[PDB]
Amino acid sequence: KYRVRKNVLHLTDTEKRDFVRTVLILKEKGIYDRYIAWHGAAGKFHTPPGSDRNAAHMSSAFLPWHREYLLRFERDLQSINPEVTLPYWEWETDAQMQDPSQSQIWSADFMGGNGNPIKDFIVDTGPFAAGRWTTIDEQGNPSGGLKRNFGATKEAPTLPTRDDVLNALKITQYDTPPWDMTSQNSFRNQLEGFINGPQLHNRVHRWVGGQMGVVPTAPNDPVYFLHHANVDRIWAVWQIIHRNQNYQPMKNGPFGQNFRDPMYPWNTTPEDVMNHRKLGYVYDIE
């Protein structure tokens, strides 16, 4: 109830500038690379082995994993500059924009712009432009040059809308068997975006394109975290509406997916991050 995560569009110029600079310090120090690797490591831990489920996606842990993931990243931000909190990209308001590329999140003092088509959609503006920000491939080796390409795939031409979010918030159960991509009437899976997908969380990823478009490499782009803060916010809201609803599966799901299972690559459990206000933060909607 003390660290405030604000809407990106409500940040001051000094807030935008300070957040971007802590991120760059985290990159220069080698700490930011830890999160790219954690995320790529979580994607090849199948629960159980041979399953399409993994520790961080395509199953019930999707939401608590990224909550814990954002929680650590913001802790690393705060250790450099204690004023800094993780902002959230309310992409569902930007979807009403006649041209969402022109939103202030993409301004040159924050995330920088869309990909440049003549340079193969290499990002050449803002603080994470090529030559200012070096990316990493799946196998931990340099791959030179952030890329984006907004709305360029047929399956995700538009950002998810407010009605998408309101509809997801209606779903009555956190998750349902078989706790994977096929789960029906499941808030986790609906928000993750596999209900007639890509929608919501999956749809944003494909919309940004670039590394943001392939899940193992998506945290190469700083907007990933701003994206997932919003996903964490929607979850926070859902938990306050369906108060008498808790995590599922409680047990008898694959190991790593149950309420008290450690979430690879950590020992942190879903129960550990159920209450975000006890984790030290709130969203600027109270």
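Start at 1 with the first residue shown and count on from there.
*Asks:* Mean C-alpha B-factor higher for 70 to 78, or for 177 to 185?
*Replies:* Per the deposited B-factors, the answer is 177 to 185.
*Asks:* According to the deposited model, is the average Cα temperature factor higher in 108 to 116 or in 186 to 194?
*Replies:* The deposited B-factors put 108 to 116 ahead on the C-alpha mean.
*Asks:* Could you tell me which one of 144, 126, 87, 157 shows the highest CA temperature factor in the PDB record?
*Replies:* Reading the PDB entry, the winner on C-alpha B-factor is 144.
*Asks:* Out of 233, 227, 44, 57, which one has a C-alpha B factor higher than all the others in the entry?
*Replies:* The listed residue with the largest C-alpha B-factor is 44.
*Asks:* Can you tell me whether residue 205 has a C-alpha B-factor in the lowest, middle or highest third compared with the other modelled residues of the same chain?
*Replies:* For residue 205, whose C-alpha B-factor we compare with every modelled residue in the chain, the answer is the lowest third.
*Asks:* Quick check for you: using the entry's CA B-factors within this chain, is residue 243 in the lowest, middle or highest third?
*Replies:* Ranked within chain, residue 243 CA B lands in the highest tercile.
*Asks:* Consider only the C-alpha atoms of the modelled residues in this chain, order them by B-factor as the entry records it, and name the third containing residue 254: lowest, middle or highest.
*Replies:* It falls in the middle third of the chain.
*Asks:* Tell me, lowest, middle or highest third: where does the Cα B factor of residue 28 rank within its chain?
*Replies:* As the PDB entry reports it, the C-alpha B-factor of residue 28 lands in the middle third of its chain.
*Asks:* Going by what the PDB entry lists, where does residue 219 fall on CA B-factor within its chain: lowest, middle or highest third?
*Replies:* Middle third, going by the recorded CA B-factors of the chain.
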